[PDB]
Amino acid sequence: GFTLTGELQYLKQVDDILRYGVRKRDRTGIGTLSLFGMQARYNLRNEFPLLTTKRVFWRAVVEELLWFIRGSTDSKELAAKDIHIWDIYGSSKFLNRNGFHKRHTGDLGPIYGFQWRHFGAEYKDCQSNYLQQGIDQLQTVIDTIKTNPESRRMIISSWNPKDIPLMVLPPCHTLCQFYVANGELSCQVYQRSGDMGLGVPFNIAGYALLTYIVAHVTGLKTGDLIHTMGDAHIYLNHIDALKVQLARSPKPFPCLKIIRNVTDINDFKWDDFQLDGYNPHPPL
């Protein structure tokens, strides 16, 4: 291979946004450097693509995925586990200032988890029960992988325009596609908007984890994660930090082991995962 992969390509990406990126006025008010249309390959064979040049909150990644898997959209459940990444959007101050004054605290609307397990259902609130409503994208993929893995139609999309106005924020990782070859599960994720500073390393971990999880329950080996994105951007108030992180040579990716033989997609716990060798670089 003469083309970069893994954390080298990620760093290759932030570098290009730093030299060729375009300054644009962002929704949040603060400016960003932007490039459009990127793609990075992350090998999943015998290693886990958890970025090492700066520490990734691994436990939040795990809990958020299981939070997606159970169809949940109540940020309080994450905060009940000291995972406060969605707390801002669940907070009462945000909900009222953004037209969601009738919704109760934590109600994130029809976010990822809802679209994953019940796409098409009419959303009520994060407390409601929606079982056997909508379309279970996650479970149809698992069924298709077991029945007809040659399929090129194994996709999970969160982009529901009809439900989007109810969402606190449009799905950044809009969809992913699974792919099976040589009894080896692969997964490409399309990310419409990717903040290189915060979200992108967090998402890469999640969809790598998701591929590991699905490949687990389907008896398949993990192939590759392909991280495709649209508006690849770097917030201007992060440039100084990203250039310091840029000089760090990334360490060997860690191992991921599942200590239990989970057969049910909903039956995964935080205590099921073993991460060996994660020795990221010291903070700023």
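Start at 1 and count along the sequence shown; that's the residue number.
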Looking at the deposited entry, does 271 to 279 or 17 to 25 carry the larger mean Cα B-factor?
-> 17 to 25
Which is higher in the entry, the mean Cα B factor of 259 to 267 or that of 6 to 14?
-> 259 to 267
By the entry's C-alpha temperature factors, tell me which of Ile204, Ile135, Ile85, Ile145 sits highest.
-> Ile85
Among the candidates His238, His227, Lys54, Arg45, give the one with the maximum CA B-factor reported in the record.
-> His238
Entry-reported C-alpha B-factor of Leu209 relative to its chain, by third, is lowest
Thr73: CA temperature factor from the record, placed by chain third, in the lowest
CA B-factor placement of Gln191, once the chain's modelled residues are sorted into thirds = middle
Of the three thirds of its chain by CA temperature factor, lowest, middle or highest, which one includes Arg59?
-> middle
CA B-factor ranking of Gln139, expressed as a third of its chain = lowest
